[PDB]
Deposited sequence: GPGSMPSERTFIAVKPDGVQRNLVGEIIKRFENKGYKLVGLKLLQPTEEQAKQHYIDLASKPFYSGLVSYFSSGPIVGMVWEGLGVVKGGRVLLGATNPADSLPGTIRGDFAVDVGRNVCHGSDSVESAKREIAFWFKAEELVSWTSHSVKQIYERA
């Protein structure tokens, strides 16, 4: 089943939005199969204006997540809201919580291919957990 990479960026962790973000994905019906707190290294930030974006991204921890579900790549992005918080609607994470595109609190993979790459980049295979939600028959026909 489809998987996507969702991150709480360092502004999101600093502003105490980790639980709130996780809650919204859980409530939606998506399944958490990877989760990790980490501080990106400068080198990881270099791979991911330049000195500035690198420095912010390696300045503090992010929370990396892998979520599983039908249409979760697109759906996860819908939950996050438009990338640019000026365009984000209330009810979304960015619409509720962000102002500035450079401090937009979170990230979600923008396609299936890019999800596979991002998951592989941040998570070793052994760190992902395959399990079955006891609610699968209530969420999916």
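Asks: For this chain, which runs of the deposited sequence have no C-alpha coordinates, given in order from the N-terminus?
Replies: Holes in the chain trace, numbered from 1: 1-6, 55-62, 156-157.
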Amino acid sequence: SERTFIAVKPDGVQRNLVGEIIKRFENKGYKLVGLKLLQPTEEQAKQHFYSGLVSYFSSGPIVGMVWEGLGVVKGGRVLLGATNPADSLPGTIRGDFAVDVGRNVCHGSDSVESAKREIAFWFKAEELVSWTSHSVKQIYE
From here on, numbers count along this sequence of modelled residues.
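Asks: If you take the mean CA temperature factor per stretch, which one wins between 110-118 and 69-77?
Replies: Looking at the record's C-alpha B-factors, the answer is 110-118.
Asks: Would you mind comparing 34-42 and 51-59 for me and telling me which has the higher average C-alpha temperature factor in the entry?
Replies: Stretch with the greater average CA B-factor: 51-59.
Asks: Based on what the PDB entry reports, which of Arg24, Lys9, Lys124, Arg15 has the top C-alpha B-factor?
Replies: Answer for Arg24, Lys9, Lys124, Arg15: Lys124, with the highest C-alpha B-factor.
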